[PDB]
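Student: Quick one: structure below, then a few questions.
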Amino acid sequence: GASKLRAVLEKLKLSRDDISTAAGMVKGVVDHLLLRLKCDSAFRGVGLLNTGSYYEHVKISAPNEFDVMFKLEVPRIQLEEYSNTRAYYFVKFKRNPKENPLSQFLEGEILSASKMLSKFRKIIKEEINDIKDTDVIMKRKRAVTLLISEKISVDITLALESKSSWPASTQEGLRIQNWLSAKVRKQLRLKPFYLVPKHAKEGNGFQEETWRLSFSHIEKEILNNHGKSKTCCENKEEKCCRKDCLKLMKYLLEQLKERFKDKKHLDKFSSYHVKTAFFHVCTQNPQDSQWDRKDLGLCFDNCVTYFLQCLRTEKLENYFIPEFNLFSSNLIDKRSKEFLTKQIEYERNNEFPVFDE
Ligand SMILES: Oc1c2ccccc2nc2nnnn12
Ligand SMILES: [Zn+2]
């Protein structure tokens, strides 16, 4: 069980130093763009958001690829749920003096996301040309992705920060009461929420004016504070395998994606799908005793088992938005699910050969 798994884990951990050697060139580009971005009136309150695999300590087989996020607060905003999606909204303002920096981006009462990102990419594109230390290139649209020294890639995302209360669609979400207590849940919900630009699927087109809720910052917190016990993983007697199981789940999918990249079945699947399923497993298994380090094998099998159940039943609720099904028949087709299902079941039945691969 754990024998082959922890062996894999040991291998992945060895990619520590290499992920930091390049971060120097990254930290340079990011800091440069932030200065020039603050120059523009609209992107004044722009700032780094310390949420991601970099800060969460969970990055696997993607050392060259980096992911950053730029948050921009929006003091007074009104949100409009789009087509009862429960996860996508419009950005309508409610300020007393209608003179906010985003004025130029408005397309009526609604805030244009397509135009918002246009200026964002526009500034970034113009900024990279300046620096002459390391050759930086902006990748074609297909939101901004940079290529540093032809070896390193950075995915820059723009998020709106609303320190207001979380939308009523999240009310029944984040079921961590029995796991992390109700006191913590109330605390976390007091934290702000973020909005990332993502169009919605429609018959003959997309909706390029919608934003999706983002709670990545909460996810980071929850992962670096995973135990029911406050001293979880702080002593030999209380060491668990929560973080290990997530890392393994992630790596498994990435491998299957890397293996079948040519066909493009798993192209729609993402690490978030795996992270979501994991959080649901944590809720199901609230006790630290259920995540004993000596039970890595058995614990990991549960995750795999649950993830498979989500694929078969085509049901995977957003951990914060219960009515949002990441695995909806419309979002992902049954065939693509049956394929990933088939592959994963094979791996489990053959002591996961995809790991040494
Ligand atoms: O990053 C994400 C999300 C982030 C926040 C909320 C829902 C999401 N749903 C997603 N499906 N694929 N990626 N992905
Ligand atoms: Zn722990």
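A note on labels: chains of the structure tokens are A, B, ... as shown, every chain counts residues from 1, and ligands are counted from 1 in their shown order.
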Determine, counting only C-alpha atoms, which protein, DNA and RNA residues have an atom within 9 Å of an atom of residue A:190; residues of the same chain fewer than 4 positions away are not included. Present the result as a PyMOL selection string.
Tutor: chain A and resi 163-166+185-186
Student: Now that the selection is made, can you save its residues with N, CA and C atoms as a PDB file, in the first residue's frame?
Tutor:
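Once written, selection-v5.pdb looks like this:
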ATOM      1  N   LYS A 163     -14.977  42.713  -0.068  1.00  0.00           N
ATOM      2  CA  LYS A 163     -14.924  42.424   1.360  1.00  0.00           C
ATOM      3  C   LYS A 163     -16.325  42.314   1.953  1.00  0.00           C
ATOM      4  N   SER A 164     -17.336  42.450   1.100  1.00  0.00           N
ATOM      5  CA  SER A 164     -18.723  42.299   1.521  1.00  0.00           C
ATOM      6  C   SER A 164     -19.028  40.848   1.877  1.00  0.00           C
ATOM      7  N   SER A 165     -20.274  40.589   2.260  1.00  0.00           N
ATOM      8  CA  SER A 165     -20.704  39.243   2.622  1.00  0.00           C
ATOM      9  C   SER A 165     -20.761  38.337   1.397  1.00  0.00           C
ATOM     10  N   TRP A 166     -20.509  37.050   1.605  1.00  0.00           N
ATOM     11  CA  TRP A 166     -20.541  36.076   0.518  1.00  0.00           C
ATOM     12  C   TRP A 166     -21.964  35.890  -0.001  1.00  0.00           C
ATOM     13  N   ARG A 185     -15.565  28.300  10.679  1.00  0.00           N
ATOM     14  CA  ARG A 185     -16.363  28.577   9.489  1.00  0.00           C
ATOM     15  C   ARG A 185     -16.867  30.019   9.492  1.00  0.00           C
ATOM     16  N   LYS A 186     -17.378  30.460  10.638  1.00  0.00           N
ATOM     17  CA  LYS A 186     -17.845  31.833  10.784  1.00  0.00           C
ATOM     18  C   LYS A 186     -16.693  32.806  10.557  1.00  0.00           C
TER      19      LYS A 186
END
Student: Can you check which parts of chain A lie within 8 Å of ligand 1? Per residue, the shortest pair of atoms and distance in Å to one decimal, counting only C-alpha atoms and all ligand atoms, sorted by chain and number, as JSON lines.
Tutor:
{"residue": "A:87", "atom": "CA", "partner": "ligand 1", "partner_atom_place_in_ligand_line": "7 (C)", "distance": 7.6}
{"residue": "A:212", "atom": "CA", "partner": "ligand 1", "partner_atom_place_in_ligand_line": "6 (C)", "distance": 6.7}
{"residue": "A:213", "atom": "CA", "partner": "ligand 1", "partner_atom_place_in_ligand_line": "6 (C)", "distance": 5.9}
{"residue": "A:214", "atom": "CA", "partner": "ligand 1", "partner_atom_place_in_ligand_line": "5 (C)", "distance": 4.6}
{"residue": "A:215", "atom": "CA", "partner": "ligand 1", "partner_atom_place_in_ligand_line": "5 (C)", "distance": 6.3}
{"residue": "A:216", "atom": "CA", "partner": "ligand 1", "partner_atom_place_in_ligand_line": "5 (C)", "distance": 6.8}
{"residue": "A:268", "atom": "CA", "partner": "ligand 1", "partner_atom_place_in_ligand_line": "12 (N)", "distance": 7.9}
{"residue": "A:269", "atom": "CA", "partner": "ligand 1", "partner_atom_place_in_ligand_line": "12 (N)", "distance": 7.1}
{"residue": "A:270", "atom": "CA", "partner": "ligand 1", "partner_atom_place_in_ligand_line": "12 (N)", "distance": 5.5}
{"residue": "A:271", "atom": "CA", "partner": "ligand 1", "partner_atom_place_in_ligand_line": "13 (N)", "distance": 7.3}
{"residue": "A:272", "atom": "CA", "partner": "ligand 1", "partner_atom_place_in_ligand_line": "13 (N)", "distance": 5.2}
{"residue": "A:273", "atom": "CA", "partner": "ligand 1", "partner_atom_place_in_ligand_line": "12 (N)", "distance": 6.4}
{"residue": "A:318", "atom": "CA", "partner": "ligand 1", "partner_atom_place_in_ligand_line": "7 (C)", "distance": 6.3}
{"residue": "A:320", "atom": "CA", "partner": "ligand 1", "partner_atom_place_in_ligand_line": "6 (C)", "distance": 8.0}
{"residue": "A:326", "atom": "CA", "partner": "ligand 1", "partner_atom_place_in_ligand_line": "11 (N)", "distance": 6.1}
Student: Residues of chain A that have any atom at most 9 Å from an atom of ligand 2: could you tabulate them with the shortest-distance atom pair and the distance in Å to one decimal, using only C-alpha atoms and all ligand atoms, ordered by chain and increasing number, as a Markdown table?
Tutor:
| residue | atom | partner | partner_atom_place_in_ligand_line | distance |
| --- | --- | --- | --- | --- |
| A:224 | CA | ligand 2 | 1 (Zn) | 8.7 |
| A:225 | CA | ligand 2 | 1 (Zn) | 7.7 |
| A:226 | CA | ligand 2 | 1 (Zn) | 5.8 |
| A:227 | CA | ligand 2 | 1 (Zn) | 4.9 |
| A:228 | CA | ligand 2 | 1 (Zn) | 8.3 |
| A:229 | CA | ligand 2 | 1 (Zn) | 8.2 |
| A:231 | CA | ligand 2 | 1 (Zn) | 8.1 |
| A:232 | CA | ligand 2 | 1 (Zn) | 4.4 |
| A:233 | CA | ligand 2 | 1 (Zn) | 4.3 |
| A:234 | CA | ligand 2 | 1 (Zn) | 7.9 |
| A:238 | CA | ligand 2 | 1 (Zn) | 6.9 |
| A:239 | CA | ligand 2 | 1 (Zn) | 5.4 |
| A:240 | CA | ligand 2 | 1 (Zn) | 4.2 |
| A:241 | CA | ligand 2 | 1 (Zn) | 6.3 |
| A:242 | CA | ligand 2 | 1 (Zn) | 6.0 |
| A:243 | CA | ligand 2 | 1 (Zn) | 7.4 |
| A:288 | CA | ligand 2 | 1 (Zn) | 7.1 |
| A:291 | CA | ligand 2 | 1 (Zn) | 7.7 |
| A:292 | CA | ligand 2 | 1 (Zn) | 8.6 |
| A:293 | CA | ligand 2 | 1 (Zn) | 8.7 |
Student: Neighbours of residue A:196 within 12 Å (only C-alpha atoms; same-chain residues fewer than 3 positions away dropped), as number ranges by chain?
Tutor: A: 69-72, 87-91, 113-114, 116-117, 143, 156-162, 193, 199, 208-216
Student: Tell me, as a ChimeraX atom specification, which residues lie within 8 Å of stretch 340-353 of chain A, counting only C-alpha atoms; anything in the same chain fewer than 6 positions away does not count.
Tutor: /A:256,265-266,304,308,311-312
Student: Restricting the calculation to only C-alpha atoms, which member of A:106, A:298, A:37, A:79 is positioned closest to residue A:121?
Tutor: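 Ranking A:106, A:298, A:37, A:79 by distance to residue A:121, first place goes to A:37.
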Student: Please provide as a PyMOL selection string all residues within 9 Å of residue A:150, with the sequence filter that same-chain residues fewer than 4 positions apart are discarded (counting only C-alpha atoms).
Tutor: chain A and resi 135-137
Student: Quick one: pull the distance between atom CA of residue A:42 and atom CA of residue A:101, Å, one decimal.
Tutor: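 Interatomic distance here is 4.5 Å.
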Student: Would you please work out which residue, of A:18, A:202, A:221, A:126, is nearest to residue A:187 when using only C-alpha atoms?
Tutor: A:221
Student: May I ask for the distance between atom CA of residue A:305 and atom CA of residue A:7, given in Å to one decimal place?
Tutor: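 That distance, rounded to one decimal, is 21.3 Å.
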Student: If you run DSSP on the backbone here, which positions in stretch 119-349 of chain A get helix (DSSP H, G or I)? Please write them as an NGL selection string.
Tutor: :A and (119-128 or 177-180 or 182-190 or 216-223 or 236-238 or 242-259 or 266-268 or 271-284 or 288-291 or 293-313 or 334-349)
Student: Enter the distance from atom CA of residue A:16 to atom CA of residue A:138, in Å, rounded to one decimal.
Tutor: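 For atom CA of residue A:16 relative to atom CA of residue A:138, the distance reads 26.7 Å.
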Student: Fewer than 3 positions away in the same chain doesn't count, so skip those; otherwise give me all residues within 12 Å of residue A:328, counting only C-alpha atoms, as a CSV table (one decimal) with C-alpha atoms, in the first residue's frame.
Tutor:
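What ended up in out.csv:
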chain,number,residue,atom,x,y,z
A,85,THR,CA,-26.0,29.4,-12.6
A,201,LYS,CA,-21.6,28.1,-21.7
A,310,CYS,CA,-18.4,11.5,-8.9
A,311,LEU,CA,-17.5,10.5,-12.4
A,312,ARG,CA,-20.1,7.7,-12.7
A,313,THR,CA,-22.9,9.7,-11.0
A,314,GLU,CA,-21.9,12.9,-12.9
A,315,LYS,CA,-22.1,14.8,-9.6
A,316,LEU,CA,-19.4,17.0,-8.1
A,317,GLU,CA,-20.6,20.0,-6.1
A,318,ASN,CA,-18.5,23.1,-5.7
A,323,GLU,CA,-25.7,23.8,-6.3
A,324,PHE,CA,-22.8,24.2,-8.7
A,325,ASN,CA,-22.1,20.8,-10.3
A,331,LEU,CA,-20.0,21.0,-18.5
A,332,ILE,CA,-18.4,17.6,-19.2
A,333,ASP,CA,-19.7,14.9,-21.5
A,334,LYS,CA,-20.4,11.4,-20.2
A,336,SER,CA,-15.1,12.0,-21.3
A,337,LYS,CA,-16.0,10.8,-17.8
